[PDB]
Amino acid sequence: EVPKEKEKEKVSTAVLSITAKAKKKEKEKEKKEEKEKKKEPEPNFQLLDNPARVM
Amino acid sequence: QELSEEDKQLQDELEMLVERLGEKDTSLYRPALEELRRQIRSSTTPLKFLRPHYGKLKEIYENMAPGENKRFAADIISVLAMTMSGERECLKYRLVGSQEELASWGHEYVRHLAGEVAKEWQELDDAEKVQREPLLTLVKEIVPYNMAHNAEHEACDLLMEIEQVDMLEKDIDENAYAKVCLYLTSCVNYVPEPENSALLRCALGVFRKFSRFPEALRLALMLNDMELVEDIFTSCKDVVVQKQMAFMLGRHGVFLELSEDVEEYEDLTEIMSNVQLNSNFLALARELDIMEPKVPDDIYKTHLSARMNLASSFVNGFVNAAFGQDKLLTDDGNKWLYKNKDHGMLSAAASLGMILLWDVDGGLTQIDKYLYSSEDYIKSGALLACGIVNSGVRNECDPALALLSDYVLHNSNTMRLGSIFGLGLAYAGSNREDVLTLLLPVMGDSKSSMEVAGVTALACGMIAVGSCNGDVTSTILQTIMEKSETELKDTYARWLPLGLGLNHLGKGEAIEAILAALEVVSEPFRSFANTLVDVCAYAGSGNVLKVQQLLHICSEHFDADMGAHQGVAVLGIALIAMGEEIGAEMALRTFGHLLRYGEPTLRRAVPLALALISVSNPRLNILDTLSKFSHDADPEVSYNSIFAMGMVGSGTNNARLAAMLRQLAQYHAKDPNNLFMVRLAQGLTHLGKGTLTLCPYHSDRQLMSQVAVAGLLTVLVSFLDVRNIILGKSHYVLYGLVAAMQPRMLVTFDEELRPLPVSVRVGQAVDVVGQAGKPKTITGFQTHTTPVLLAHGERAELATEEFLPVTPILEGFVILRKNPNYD
Amino acid sequence: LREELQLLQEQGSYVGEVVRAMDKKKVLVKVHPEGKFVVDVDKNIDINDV
Amino acid sequence: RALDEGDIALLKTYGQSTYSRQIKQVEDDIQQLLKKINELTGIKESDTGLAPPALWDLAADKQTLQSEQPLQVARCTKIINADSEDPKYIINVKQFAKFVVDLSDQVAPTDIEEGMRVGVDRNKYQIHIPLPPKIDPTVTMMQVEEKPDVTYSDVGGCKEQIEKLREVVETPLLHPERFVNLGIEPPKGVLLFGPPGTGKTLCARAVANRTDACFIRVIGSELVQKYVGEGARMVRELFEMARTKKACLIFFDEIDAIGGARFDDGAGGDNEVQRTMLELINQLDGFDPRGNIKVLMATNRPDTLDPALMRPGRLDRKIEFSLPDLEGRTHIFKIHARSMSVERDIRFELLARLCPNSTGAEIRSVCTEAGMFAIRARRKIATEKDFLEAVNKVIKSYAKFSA
Amino acid sequence: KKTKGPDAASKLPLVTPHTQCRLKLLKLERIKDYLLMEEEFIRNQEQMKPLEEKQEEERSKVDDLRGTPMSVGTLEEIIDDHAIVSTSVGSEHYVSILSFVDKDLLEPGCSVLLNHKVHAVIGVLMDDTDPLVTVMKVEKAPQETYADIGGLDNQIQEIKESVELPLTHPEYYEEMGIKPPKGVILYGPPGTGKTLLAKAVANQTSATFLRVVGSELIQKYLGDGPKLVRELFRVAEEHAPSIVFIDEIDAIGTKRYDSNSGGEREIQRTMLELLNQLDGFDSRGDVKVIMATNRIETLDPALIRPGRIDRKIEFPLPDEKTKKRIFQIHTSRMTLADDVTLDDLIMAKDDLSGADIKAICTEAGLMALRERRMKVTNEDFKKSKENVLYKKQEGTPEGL
Ligand SMILES: Nc1ncnc2c1ncn2[C@@H]1O[C@H](COP(=O)(O)OP(=O)(O)OP(=O)(O)O)[C@@H](O)[C@H]1O
Ligand SMILES: Nc1ncnc2c1ncn2[C@@H]1O[C@H](COP(=O)(O)OP(=O)(O)O)[C@@H](O)[C@H]1O
């Protein structure tokens, strides 16, 4: 009922050598500038009205 | 395999020696190593034999008792690790080693040691500054060895790796300093900004030390530090260096405002003001016999209409520019403008001013009569002609400021536009406080139209180019904010970011504040403006990061149509790395792939960047590609290709290119929209009779002149969307070529400042030997008298060692003095 | 096998010497009786599988 | 003393730069990216017609798809051989077939002629489209030449030759008198021969002075070719083109291989030459005399084959010159100095005397050299540039005689 | 069938040091970064597509009509609506093509497709890749430049003027009304002649270049050596106007033999055709023919005449400075020594040409690499002279 869909068409930049040396300088700057409800309780303890499809 | 007999015998002897050294008792350890090391350090002034003994030698070195034995063991392990190196074991063993005189262990060893030292100097963390001093001492020991044994360029490599150019300065002597400085300058083009400014500063230090102030001024201009330029001009004192400095500032176009306390200040400020520029240029044109006014008709080759006649007038003005000798608009000029129709009288008068540019005295008198013309267009064109006339050339009394008094803020849109563009062209590079404080209030006017405000911004940017004028920027941003966005983002607000980029040209870094301030703007215009100002600020830097950002942003669909900024990204692609040949050729190839598989806007913009790469340089591949893409389906693409051919052939008189444009004119005779601009391209090709080139890279084609590149970029911003704007009204924007229009011949003076007839050898100057930082080698000595047109690829050289120039750089103006050995 | 015989009644398959693998699932091939026969690509083999 | 293995690797690791290996790896990466982007091409499709025909001509392709059932009569095209009295056509077909068909109802038998190529519809092989190919190879585009050769002052007028040939070429093209006053047809032929020089320039002048039925410069050395029958077909199509272009004159040039020498080595040294000779005679025999078309053959030596005695009936009026005297040489100087930026105040008669019998070709060459000397001096002026004119002409005469 | 080739290679030959240093390394880093950025840009442009529009209108209309089965056949002729094409096994179809019809790329004599069934043209293979009958433009516009050869300044200026009379300043002798395709007749010792090629690369910096060396004494009955070179310089006029370098053949193929008749036909055919093509009155074109040789004596009188074939240029032996320059050029790639032993190897030398200079430079490296492997082998100082003797200059009994 829910696709959880994403259309990115995004490819990472391949900066390698001097762009990456500048990226090292960028690192130099950038250095400073649900378990209790899932273990036991499966929904099997419900009550149903008289009209109820059950095998 | 059967080795040599004596080789095998010596191998067995060394095997016995290493077994002796690997024996149990250490009382024979010392004699064994004494024997061994002597022949170990023999071939370097052997190493093959000890190839399989890596582990045994490591064990022996570790087991050696501390002291002499241990440090010789470390010495031998180091000198062998150059072969048995899985790591910098050589340097670890040598740091453990003696640290005595190393240079005797062979050139290969010392060079490997220098390389490993550079590796460790880069590798060591910030907190580690203990061994850094021993590595620096080793470096200061090896540098003299390199200087003696002609290894100064790799010495510079290692010193720049370790950031010790400061002591490079102190160690280098002048006997080899020239090639070292040339190597530094070559590295400057590709090193990023911090170390780039560092190497520029160290080169200035070297030249100041060695009294090499003329080239030091070239380097300071590269540094674009006017404060340092003034400091070094004060530092130099001799009359010859003073006057060559004044020539260099005048040729660059930026006026240096100083005091009269200096000697011969009148001549210095005159030659900086380019007062004699026009006189010398006309004298050399006459000496070349290249003075006759070339008719646009016989340029057109008419052997086989209002806009077409306008284009003919414009190309006539381009051809006769800087000359002031054209009766076609002088005698019957009033008749021609009266016959002209609609909006073109302004452009015709501006073309007359183009003819009279750099001619202050004659141009002002011959435009005074047209100043009182009846038509508003003719009056505005006359005012713009005055601005063009005073553009570039500086004047003591500065007549343009007084001449444009009522028209500067005149209510009439066309008159105000003419005056504003004229003042921009005049004060371009002047950075004059009075002109700024008079034009920025005109920027603040609300009655002026959107395009009028854009022209005010253009004038302010070309005046304060590369100045980071904070009040100009604040006025720009305030005007943008006050103007509503809907009417802002239509077709003409593209001049405000241009002004911002001019004002922050060549600075970078600080552009973050400007873009953060501009972030409030809506996307369709903000995404264009921030990109424009960023690329203009980072022009001439080779920032692969910035250009790949531009590529990524133009890779988007962007399909109200905000995708226009893909065009400014395309222009910035060329603009960032246009400096040297690399970064321009490959960038051409990138433009080729853009045209190969690109959007309509992308292919509309590409020819603009193609022209920006190689303006006034007729590269055969560029010409062929532009010709092949001149017939594309998109009319704007065809227009941009036509103008790109015109620009790349501008100031060249390239005969085959002119023939190609004539064929294009025949092809496009049916459609006047392409026809008149093909005529325009031919006029660009023959502009100034080819005497003045348009490439903004001067001083041996490696200096970015801010005013010239500003005018050129304004023209290219207009040609981003001429398909609307040149068709509509912008017949005046084409007159920005005054800034980029500089003569490309040699004018020789003497110590008494008189024109010398000294002949020089001119021809292709390209590298032959790259063994070191050798000066560029010229071939093809087609020597003749001093007036010689200097094009790309080819340079000039003095015929004999008889006239010493003030600077080895041979272009524009130069003073030649008699050599003491001249006989 | 009978269906294989019926397929061989249409010669079954044709031997082709592949030369040019175009991007649009296209291979020129060469067939000894005639020669080049530009054709599409099969489903079991991609364009790059050629 | 080889001593290479291991030692070579050790010495290769011995020196180097500090980062020579780094540079090697980086340039390897450069080449790798180069090959990757050469594989990562732009328009990665060999077939073209991407959109300008594949957007509106593709819409018209929908119409041609709706009419795909017609326009399929291509199949194969073969020439026809002959026919019966009228209805049946007995044809040799490029499938070697003894092919006879009822010509397609849309095609009348009049249009189809023997030896013409027609396409046949595979279903019935009816004569559907009789294509008149008229296809010319590139060398034939050279055999045919330009019509408007432009008139001159009789191209350095040698009055004798031009005035002898005008009654033989110009007069018949005028057709003023050939019919009655003089015998039936004008002189049957004209052979404008002579040593390398004035030959065919007078022909070009006559072409200019005459109507649009203008000549073609065909070469016998190009006529003689490999294999058999190709020269015959080439001569045939030569006559066909000349006949079609307003019955223009056919200018055979350099007839010493088309006719060969006076001998064949053993009747097998050049028998293709004889095959060409037979068909050329069959073509230019005229059969029914016709003052419409003209033919001129020009060699430098009368090396024609045995038809040299039949041609008095066919190709008469052999004329020559190529012997410029003082007056002819100075007139050639005048017509050439009409070109360039020269004038005649130069005493060019002096140089005309200086060179005895220097053709018109060498006079044109001397004028070219004068212009070259002017541009070498960088002076475009040549009207008063007469002393320099004389100097360059005399020094180049010296060089031509002895260099 | 051939017009141009895609020149998207030769990435910036200007690596300034051409030796391993920081500057050269940084230049290579910028080059590889440019390659990375261009690949990334094109890939992002092609992947992050501007728009998704159906089957790009390809599979909808043209691809299906083209169909799956096809066959390759040459295109023969052209008609206003239909096209007349000669497909395989001598088939001929006159069919109009409207799907993927690119008329400019179609051309007669080119490979087109046939969709079988209802045989009609549906596409063309512009690649084809079989124009191999006579191939002489494969080496066109050689990359060699002026700087490759030095010390020949007079000859360089002369040839540059002789070939820049066109291109540059064509209106000069256009107004002079001569348009002279004079070509250049080059002398020179037999020890050179590829030096003549080197001085031709100066012109080869502009437009293309064709070469006919030795050819033959055209025994061929059709002759057509010079006539086919005429067709090929017509092709060069179609291309950028190329030069034709016929070094040696201008000497043997055009030999001033005193024999008149009964002599290889070339004398009949070849010289006459050479003159016919060298006279500007017959063939136009900025094509400049460079007839180089090493035997000035065998200059035929027709070739002798500057009237048709002007611009005679003599290549002399290198001087002392020229020898210095050429040795510097040839040893610059190899870092001969640190002592720079330059003038000792040439001061007493006489009659040494460019080929010998290249040979001795190569053999010095060979002999060092043999066993004296020492990088800048200190032995190089005298071993350059050692392999400079190398005997092999000349040997003929004693006779003296
Ligand atoms: N009488 C003349 N007047 C002017 N130019 C002449 C004359 N005769 C020959 N020439 C020149 O000679 C050259 C070739 O002339 P022409 O066309 O007559 O000969 P061709 O076809 O080359 O052959 P051939 O020289 O064997 O007759 C041209 O440059 C032409 O100007
Ligand atoms: N002066 C020179 N400068 C640089 N290179 C030269 C020079 N002379 C010859 N060469 C090079 O050496 C090669 C051989 O030239 P050359 O001596 O003419 O050979 P050959 O004698 O076989 O004709 C040429 O290809 C050229 O590149």
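Chains as they are written, first to last, in the deposited numbering: chain U, 818 to 850, 864 to 885; chain f, 43 to 87, 95 to 353, 367 to 621, 644 to 907; chain C, 59 to 108; chain A, 23 to 425; chain B, 38 to 118, 120 to 438. In this text, a Cβ means the ideal position worked out from N, Cα and C, and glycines have one as well.
Assumed close pair residue i, residue j - CB separation to whole angstroms, cut-off 8 angstroms
| i | j | result |
| --- | --- | --- |
| A:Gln165 | A:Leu224 | Not really, about 20 angstroms apart at Cβ, beyond 8 angstroms. |
| B:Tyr295 | A:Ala96 | That belief does not hold up - the Cβ atoms of B:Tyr295 and A:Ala96 are roughly 57 angstroms apart, past 8 angstroms. |
| B:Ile187 | B:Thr233 | 7 angstroms |
| f:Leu75 | f:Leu63 | 6 angstroms |
| A:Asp286 | A:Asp278 | No, A:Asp286 and A:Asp278 are not in contact; Cβ-Cβ is about 14 angstroms, not under 8 angstroms. |
| f:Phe760 | f:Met370 | 5 angstroms |
| f:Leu414 | f:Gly454 | With 8 angstroms as the limit, f:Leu414 and f:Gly454 do not qualify as a contact, their Cβ atoms being about 17 angstroms apart. |
| A:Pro131 | A:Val140 | 12 angstroms between Cβ atoms; not a contact. |
| A:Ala104 | A:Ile112 | 6 angstroms |
Close beta carbons around residue i, own chain, < 8 angstroms, minus the five adjacent residues each side
| i | result |
| --- | --- |
| f:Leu208 | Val188, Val192, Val214, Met216, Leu217 |
| f:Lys168 | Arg137, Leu140 |
Within chain f, the residues that residue i reaches when beta carbons sit closer than 7 angstroms
| i | result |
| --- | --- |
| B:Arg67 | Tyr239, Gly604, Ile666, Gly667 |
Partner residues on chain A for residue i, Cβ-Cβ distance less than 9 angstroms
| i | result |
| --- | --- |
| B:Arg343 | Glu384, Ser387, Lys418, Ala421, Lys422, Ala425 |
Where residue i meets chain f, residues with beta-carbon distance less than 8 angstroms
| i | result |
| --- | --- |
| A:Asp29 | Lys97 |
| U:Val832 | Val606, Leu607, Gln610 |
Straight-line gap, residue i to residue j (C-alpha atoms, nearest Å)
| i | j | result |
| --- | --- | --- |
| f:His352 | f:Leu249 | 56 angstroms |
| f:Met321 | f:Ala332 | 19 angstroms |
| f:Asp718 | f:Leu686 | 12 angstroms |
| f:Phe304 | f:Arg494 | 10 angstroms |
| B:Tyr428 | B:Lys421 | 10 angstroms |
| A:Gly137 | A:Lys156 | 12 angstroms |
| B:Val327 | f:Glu223 | 51 angstroms |
| residue 38 of chain f | f:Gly302 | This structure leaves residue 38 of chain f out entirely; chain f is present only between 43 and 907. |
Other residues of its chain near residue i: CB distance less than 7 angstroms, five sequence neighbours each side excluded
| i | result |
| --- | --- |
| B:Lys359 | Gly189 |
| B:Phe353 | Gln193, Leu224, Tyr225, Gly226, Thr230, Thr233, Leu234 |
| C:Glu75 | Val87, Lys88 |
| B:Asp376 | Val414 |
Proximal chain A residues relative to residue i, where beta-carbon distance stays under 8 angstroms
| i | result |
| --- | --- |
| f:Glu720 | Simply none; closest approach about 18 angstroms. |
6 angstroms Cβ shell around residue i - same chain, five flanking residues per side excluded
| i | result |
| --- | --- |
| f:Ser235 | none |
Amino acids of chain C, ordered along the chain, whose beta-carbon sits closer than 7 angstroms to that of residue i
| i | result |
| --- | --- |
| B:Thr105 | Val97, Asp98 |
### Query
At a Cβ cut of 7 angstroms, what residues of the stretch 61–85 of chain A count as close to chain C, listed as they run along the chain?
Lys66, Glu67, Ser68
#### Entry: Short-range partners of chain A found in the stretch 74–102 of chain B, where Cβ spacing is below 8 angstroms
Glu75, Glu76, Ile79, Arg80, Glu94, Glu95, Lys98, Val99, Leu102
### Task
May I ask you to list, following chain order, the residues of the stretch 148–163 of chain B that have a beta carbon less than 7 angstroms from some beta carbon of chain C?
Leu151
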